[PDB]
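The letters A, B, C, D, E and F name the chains in turn, as written, and every chain counts its residues from 1.
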Amino acid sequence: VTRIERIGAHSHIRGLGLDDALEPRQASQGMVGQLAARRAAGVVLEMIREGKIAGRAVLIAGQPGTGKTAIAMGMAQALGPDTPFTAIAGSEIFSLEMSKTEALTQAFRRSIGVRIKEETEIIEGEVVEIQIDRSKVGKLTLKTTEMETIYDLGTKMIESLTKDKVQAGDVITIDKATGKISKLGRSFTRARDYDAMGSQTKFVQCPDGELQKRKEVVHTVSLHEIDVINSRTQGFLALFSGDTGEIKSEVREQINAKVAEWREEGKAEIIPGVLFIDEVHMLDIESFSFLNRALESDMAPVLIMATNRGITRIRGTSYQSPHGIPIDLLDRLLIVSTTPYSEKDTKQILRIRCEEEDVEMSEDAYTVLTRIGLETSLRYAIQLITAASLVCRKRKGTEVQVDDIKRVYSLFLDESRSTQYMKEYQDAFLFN
Amino acid sequence: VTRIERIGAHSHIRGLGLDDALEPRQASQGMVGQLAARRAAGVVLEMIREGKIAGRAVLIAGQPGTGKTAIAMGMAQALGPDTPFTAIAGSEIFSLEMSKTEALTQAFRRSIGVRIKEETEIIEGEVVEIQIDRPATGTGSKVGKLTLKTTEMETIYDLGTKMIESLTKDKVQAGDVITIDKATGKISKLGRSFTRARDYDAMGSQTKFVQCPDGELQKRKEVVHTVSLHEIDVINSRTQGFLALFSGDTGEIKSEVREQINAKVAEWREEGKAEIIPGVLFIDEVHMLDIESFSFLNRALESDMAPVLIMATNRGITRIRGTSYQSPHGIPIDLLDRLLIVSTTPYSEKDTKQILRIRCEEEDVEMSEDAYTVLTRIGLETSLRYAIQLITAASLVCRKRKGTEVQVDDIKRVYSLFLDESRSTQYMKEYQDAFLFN
Amino acid sequence: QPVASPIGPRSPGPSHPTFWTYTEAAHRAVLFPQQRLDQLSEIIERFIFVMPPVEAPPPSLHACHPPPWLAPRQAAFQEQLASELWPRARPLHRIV
Amino acid sequence: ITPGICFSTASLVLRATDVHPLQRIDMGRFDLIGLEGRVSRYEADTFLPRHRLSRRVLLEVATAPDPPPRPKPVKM
Amino acid sequence: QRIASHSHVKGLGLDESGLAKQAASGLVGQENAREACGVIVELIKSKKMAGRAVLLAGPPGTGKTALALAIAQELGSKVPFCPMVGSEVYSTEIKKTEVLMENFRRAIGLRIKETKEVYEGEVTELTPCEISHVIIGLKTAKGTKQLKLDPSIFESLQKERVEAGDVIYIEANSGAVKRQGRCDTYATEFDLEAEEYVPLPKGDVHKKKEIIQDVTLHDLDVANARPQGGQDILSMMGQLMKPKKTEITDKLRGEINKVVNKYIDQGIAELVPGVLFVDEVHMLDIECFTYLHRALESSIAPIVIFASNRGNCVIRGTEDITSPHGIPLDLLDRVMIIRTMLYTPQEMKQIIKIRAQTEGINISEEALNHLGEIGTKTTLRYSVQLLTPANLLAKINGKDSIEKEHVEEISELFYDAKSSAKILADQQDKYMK
Amino acid sequence: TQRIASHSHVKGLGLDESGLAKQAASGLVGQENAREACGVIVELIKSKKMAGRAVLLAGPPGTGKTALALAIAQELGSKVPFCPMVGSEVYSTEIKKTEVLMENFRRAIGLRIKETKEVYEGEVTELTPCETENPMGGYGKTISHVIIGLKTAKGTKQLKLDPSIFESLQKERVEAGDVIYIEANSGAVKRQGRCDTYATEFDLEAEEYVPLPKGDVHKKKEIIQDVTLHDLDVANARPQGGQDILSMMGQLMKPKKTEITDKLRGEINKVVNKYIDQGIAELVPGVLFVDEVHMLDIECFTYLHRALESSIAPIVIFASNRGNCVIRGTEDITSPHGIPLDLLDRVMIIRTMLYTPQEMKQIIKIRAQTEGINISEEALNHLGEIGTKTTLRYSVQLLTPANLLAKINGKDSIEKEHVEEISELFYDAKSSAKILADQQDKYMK
C-alpha cells in the first residue's frame, strides 16, 4: 500500500557507507563517491556518538548538487533514532512569535535528549463495591483474577473517587505515593451490553496477578520540551500548538540544574544530538553572532551546517564573506568540502535512483542520461528518470529506452534551455 | 554595609551650587565651573519652582564631557523629591507596546503630580485591655470592648461588629500601640509598649519597645495623597490598570480618558480639592528622537498640563533621524524655535583639577599633588572621564601594594594597563588587518 | 508550580529540603494583586473616576428559527463560567 | 445607557458548519491532544496490550448466565 | 491656572461685518486669515456641509495653531473640537486609517435627552426569593416602598455588603447599586463601628430625572464594539483578555448611524457636527492622504482644518515625490487654503506686550523695544520666551518690572537657534556627528 | 558539567598575590597585561563601592576576550552574580531593546538574604488547657495556656502556648497522634499530616500519613537565599499564586515579558534598602558581560549612557573584535570598535594581543589535557605549525578528530600522521576561501 513516507530526493540513502575504519566504500548504503567528505562525516559522527565534547560546529560546503544534504541525511540515518537529530532550514528561525535567538535556543535545546526513568508503585484492580458513610469514611473493594481485598478510605481518597465518578465494574489504577486515580476501563458483564457508548468508555479484561504492582516508565524528552512544560501552567499544550513564546532564561537555568540533579540521582540520562541547519546563508548577522557564543555552552549539541554559496554578502550587512558566514564563526567550525561528481559517479547515482524508483533502463539509456546529467545537472537527470519511466509505461513498454529519454528531454526543459528560450522572447516576459 | 545606591558618575553633584542671586560659586555642591550654564540652569529651576508657565523647553548643548548631565542632575537634586523629575533617554520611547506619541505622552504626564490634602480623625493610643465576646456556635453578633491609653488619657470604647472584625484580623493585643482611622476603620499597628508574658512558648525574641503616645486620643491629622497624571490615566484606563502601574502593559490610553482626567483635575483645582505640582521631564540624548517624535513635542508643549522639558545633546549639524535633513543638534528648526539653548564651554586645567579633587573626595581616595598634576594632564590630553576612571583604578593599584596615598607610579601603571580611545585606535590601526571589518 | 521565583513551593513541612531554602523576607517583597489593591485602596477611592460616555450591552444575534441547541449551550457555558469566576472578581468591585 | 444592537440573520446561516453524523467520520481516532492529562503510558504500553478484550471472551461473557450472587461477609 | 502658549487667544477678533480688528481677542495681525477663519466658523455653525477641508499654510510662528484655537474659542465648548497631531496615526494597536476614522467620529457630537430612574432609601427588608431574586424595602423621609429586583441587583447589593439599615442608591437604567452608608439614626449605638454614616434621603423612594448627555459617535462605536453594559461574566472576560483597541467595522458605524438617526427622529437627540484639527499634517503618509480623500468625500464627515509649515517637501511614505506643502496635489485640490504671513516688528511688539500681560509681567517701554529688536532677528517665539526669565531676574534684584539690563542679561545667558548654529559651525570638529 | 566546552580549562586569572600575571597559570597562557587589568577590575568588583563602571575588551578574534571574562567570573565565584549576554539578544518580539538591557542590568545586581527559621516539630501526644482556679466573670471556665506535647525520634517536649492557638488547632483539626509544626516567628500551627505509626496496611490515604519527625523538637537554622533585583521585579510585575481573577488570567494567558516601570523598580530598591538596613540582606553587586557589543544598535548604545551613569548599575564588561566598522542603526557612520565615541569615552579599554607560536602550543597542550587526549611531541609541534598558519581555533579543534582517528587505528596517543590526515579531511577558513575564489563561477551568488 501507499504509506505516508514515499520516494523522495534522499530515500535511497541509508547511511554513510563506511567500514569499521571509517573508510568510505565506493558504493555502499546508497552513497556514491565523495570519499573524503564521507570520511569527514563519519569522523564527526563518531564525535557525536562519544558525546564528550560540546558545541562542535561543522560546515558542509560545496557546489550545488555535490551531495551536502545527501551527506547530512546519511549522517542522520547512520545515527540512531535514539540520538536526537533536529534538521531545520535557515529560514525557519524567522518567526513572528519569538526572536531569532530564541528560535536558535529552542533548536539547540531540541537537539539534546533527556531519557527519564521513573519507577512507581501502583494499585491495580477492578472495583467491586464502593461504600461511603455519612462522606467522612468509607471502604473500597478491589479485585483481580487471583486476588481481592478491601481498603479503608479517607477524606481525600473519597473526594477523589467521587470526582472521577468511580463505580462498580471500573478497572482503575491508584498511585500509592500521590493517590491519583486514573480509569483504565470497565469490566464487561451481561448487563453492560450498551447500544451506544461514550467517547472515552472502553471494555477491558480484569487484571491478573497481584493488586500491588510496580510501574516503570522510560521515555525520551528534549530540553526544549521540559522548558515548554514548565513555561506556563499548561505548558504541555504549547508542545502541540507551538505558541511557546520566549521562555525565560531563569526557567532554562532551573531546568538545567534539575536535569543535572536527575542525572546524578540516576533518574535521567543525557543524549546530546545534532542540529542540522541547511542553507545557513539565510541566517542574518545577528543569528551568526548568537551562534558564536551559543556553541560555547556545556549543553550545546553538534551543529552541522551546509551552504553552497561562494564569497557572497552576509545577510543584514554589506560585507562579503567566503560562505556568507562571518569569518569569526568560520574559525569556530571545520569545513567539509564536496567535490563535483565524475561520469562514473553520476552513472552510479542514476543507477541507485532507478533501483530506488523501480525503473528498468537500458545501458544506452543510462549513457544518454549520464551525458544529460553532466551537461545540465544531476537533479535534472534524476527527474528525467521518472519522466521517462512514465512515458515508457504509457506506450506499454517495460524498459526505458533512449527514445523515452529524448522524449522527456524535449518535453521538460532544464534551466539553460528555458533561459535561452526566454531570451529569445525577452520582451514578452514582464520586468526584465 | 553598601546600600543599593553606590558611587556613580554624578554621585558628587548635590545641587547647582548657586547663591541667592543665582550667581554660581566656583566650586560648591560638587559643581565646578560652567558658570554661565549653571546660572541659566538656576533661572530655569526658579521657573520650575514657580510652576506658572506650562510647556517650557530648554536645550543643554555642548561637547562631550562638558557637564550637561551633571547640570541636569544638579537641577534634579536642587528640586527635591517633592517635585516630580522624570529622566529618560531618547531611545526609551521606541516601544513595541505603544506608539512613540503615546510614550511621550506618558513621559509628560509622569512629570505632573496631583496632590489631594484632607483632614481625618485619628485615634492613637496604647491598648490596655481588649475584650471580645462571640457566640459559641452559629452566626451571631459579636460584642466587644476596647480600652485605649495615652500619657494623659484613657477611654473605654464600645466596639461594633466591623471594628471587632478589624481588630480580630489585625490580632490586636494588650500593649500594642495602634492607630485607628474612624472613617475607614483601618487599623495600623506601630509597635508594642512592653513585652508579652514570658511563660508563653514559641513566641520568639521580643523586639524593642515603643514609647506610649502622648496628648489626646482622638486627634485631627492631615493626610496627603500624591499621584501623577500618568498614574491616574493608568488606573482609569481599565479595571486591571492598577497592576499596569507596575507591569507596564498599559497599551495605548484612550484620548477620551485623558481629556476626562484633565477636566476633573482642573475642576479639583478650581474647587480647592487638589493642587497640581508641575515637574520636569529630562530627555537625555534627544537626538535619538525621529521627526514624528519632534513633531509631537512641538504641539504637546502647548498644553497647560505640560511640564518643563529639558533636553541634552552633543550633536552639531546632523541628520535628523527618520529623514535626510541636516539640522542643528539633530533637532528640527521648528522645535528649536520653541526652546532656549544653554551652551556648556569646555573645562580649563584648574576646573579639571577641581573636578578630579571632588571625585577623589567622593570616592574616598587620597592622592598626592604630583599625582593630581599628572592626572589633570592626562584628563586634558585624553578626556575627563578617562581621568575619573583612572582615579579608582590607581586607588585599587595603590591598595594592592599596601599603600595609603595614590602616587604618580600608580597613575602611570593604570595608564599602561587601561587605554583611552586614542591609543586603542592607534594600536588597532597598527593591526588593522587582524580586526574583522574596517 | 512557582519555577524560578523568590517564592518557594508549598513544602509539606521541615522534612522537605524546600522548607529551609526560602525566606519570609523574600516572600514579603512579592505582592499579590490583592495586596496591591489593599495598598492602593485610598488611591482607588480618590482617583478612580473616569466613566465611559456611553454604555451598551453586547450585540445580540437573532434568527427566526435558530438551532435549538445553541442558546442552551451558551447559557450553560455562561452559567458555569460565572459560577467559577464571579467570586474571584469581588476584589475589583470598587474599581468597577 | 443604550439598548444593544439586534443583528438579524437568516436561520440557515447558523447551520452552515453543521454536518449530520451520518455524513462525517469520527475525528476522535486522530485526537492526540485530548489524551494528555488523561491517558498514561502504563495504559497504552503495558496494560492494554495485555488486557484487551477479544471477540471470544465478549461472546462467552454475553452468552453465559448471570454470575452467582456475591456471598455476604463473614467475620472469620 | 498655568499659562500656556495660547492662553491669550480668546477669539478671532472680528467685528459684526466679519472684518478683522487690528488688535482684538489676543490677535494682532493676520487680518485676511482671521476673516477666512470667521467664514469657516460660520460654515461650521451652519451645520449643512460635511467633509469640508481647510489648510492653514505659512511659515512657523505665523499663528496657524493660534487661529485654529481661536476658531475653537469662537465655536464654544458645546461644539466638539478634536485636536490631533499627524504623528498620532502611527499606533501599534490599530491601522492609521482606523485612527483617522476614529478621530473623524470624535468630532461629531450628539446631545441626547435621557431619563434616569433612581431607587434611593434606607434598607428596611432584604428578603431573597428563590437564581434568587430579591424583595427590598426602602424608606425615605417622605414614605416607604417595597420593590422586587433582578438577581443581578441582588448580587450587586451583596457585593456592596448592603444590610438592613444602610442607605443605598440604585440606578435602574444601568443596574448600578451604590451603598452610601449606615443610616445616621444608628450612629449613636456604638463608639467605634468602622462605618461611614449618611443621613436619610429626604425625597421620594423612586425618582425620575431627565438630563442632557453629551456624547460623540466614537463613544457609541466604542460602547458597541467593546461592550461593558451587560454586567455579565463575558463582558469582564472580554475587557480583561482583549484590552487593546480594534478596527471598528463599517457595519458597526452604519448601525450607529441608523440608531442616531432614529434618536434624532424621535426628537430626543440633537446633532453637533463639530470640527477636527490636524496640526502637523505633513507627518501623515501617502496612505493617510489617500484615505483622507474618501473620508472627506463622505457625507457624514465633520469640518477638518489642516495646518502645515513645510515648503516644497517630500511626502512621507513616498521615495522622492515632492509637493508644495508636504501634501499630495490631489488632497490640495480638496482643501481651502488660508495663508498666514510673517509679522512686522510692530505686530511683534504688540504680541510681546500681550504675552507679557497674560503672564502677569510688567515690562518697561525701553525693555519692550529692546525685546522687539531681539525678536526682529532670531524669532518672535524666542523673544516671547525671554519674558519669564527676565521677570525672575528682576524679582531677584528686587525690581517689580523688567528693565533693559535684565533682558540683556537673559539674552546673554540663553542662545537662540541661529547663535547655536553659528557655534556648531565654528566648532564642528568638537561636536559629535 | 561533565561535557567539555570551549572554556572548560579556564579556572581563573593566573595572577600572583601582587597582581603580576604568571606566564601560564589557572588555564590561561600569555595575555599578561590584559590579565593584570582584569585582576584590577576583579578588585574593583569585589570592593562593591562603584556603580556603572564599564570595561571594553578589544582585540582580534581568538585572543581570550571571552576567556578573560570567564576568568573574571571564576575569580569572583558563584556568590557574585555574573550575567552573560550577547548583543543580538536585545532584539526581542515581546519587549523593547532598552527593557532587555535594563533587565540584564538588574540581573547583574544580586541580593543575599539571611534569616533564621525556628520551628517546633512533633507528634501531638497531649492537648491540655491550663484552667484558672478563679474564672474571670465568675461563670464558666477560663484558660491561660494550652499545653501541647510534641514527640520526635530523639525527644519529647511540652510547650505552654497562648490560649489563642485553640482556634488554630481546631481550624487545622489537630488531634493526638498528628504531626504538626509551629513557627515561632508567626505563632501559627500547621498540621503536616498524621503519624505513620497509626496507619495500617489496609489504608488507602496518600498524603495523610507522614513519618515521625527525626531530630529534636526545636529546630532552628540559618537560611541563606540569593536573589537578584530582576527576580523581585519579575515576581512583582507578573505575580504568581493569587486566587483573584487577575492571577487566573495570568495563568491562562501566555506569559509575556513586559516593560517593567520605574515605579516598581523604585519600590524594589526601597524594599532592598530596608532589608539591608535591618540586617536581613547584604547587597552583592555583580557583573554584566555583553559579548558582541557591536551587534547593539545606536538606540542601545545611546541608552547605555544613561544606564551606566546610574548609581545602581553593575560593572559592565564589553567585548568587540571589530575594527573601524559601521555602527548598526546608522547610515555610514564608522567608529573604532563598532561603538560610538560617546560610549567609548565611558569605558576603560583592555587590549588583547595575538599569540606567539609558543603560546599557541601551550594553549593546544592545555586543551589536549582538558579533553583527556594524549598527544606526542612531534604531533604537538605539527599542530602548532598548523596553528601558525590558519588560526588557533582550527588547531584546537583538530584534537578530538585526531584522537578518534588514532583510537580507530588502535593507538592511545595522537601521532603526526593522525594530525596530517585530519588536516587533509577538514579545511580551514582560508583554504575554503581559496577554493571558493578559484571556482567562483560554479558556486552560487
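Here are some notes:
Methods note: contacts are C-beta pairs under 8 Å (C-beta built on N, C-alpha and C of every residue); 3 or more make two chains touch, one makes a residue touch a chain.
Here E-F and A-F were compared by C-beta pairs in contact; the pair with more is A-F.
Ranking every chain by how far its Cα centroid lies from the centroid of subunit A, the top place goes to E. Rounded to a whole number, the gap between the C-alpha centres of subunit B and subunit F is 30 angstrom.
Computed from the mean C-alpha positions, the centre of subunit C lies at a distance of 34 Å from the centre of subunit D. Centre-to-centre separation between subunit A and subunit B, using Cα means, comes to 53 Å. Subunit A and subunit C, compared by their mean Cα positions, are separated by 41 Å.
Shown for subunit E are the residues that touch two or more other chains, namely 174, 219-220, 222-224, 227, 229-230, 236, 240, 432-433.
Looking at subunit A, one finds that residues 233, 248, 250, 327-328 touch two or more other chains. Residue positions of subunit D touching 2 or more other chains: 1-2, 4-5.
The residues of subunit E lying in touch with subunit D in their complex are 114, 173-174, 220, 223-224, 227, 229-230, 252, 255, 259. On the side of subunit C, the complex with subunit D involves touching residues 54-67, 70. Across the interface of their complex, subunit A is touched by residues 28, 32-33, 36-43, 46-48, 51-53, 57-58, 61-62, 64-67, 70 of subunit D. Contact residues of subunit C toward subunit A in the complex are 1, 3-4. Listing the residues of subunit A that touch subunit B in their complex gives 319, 326-328.
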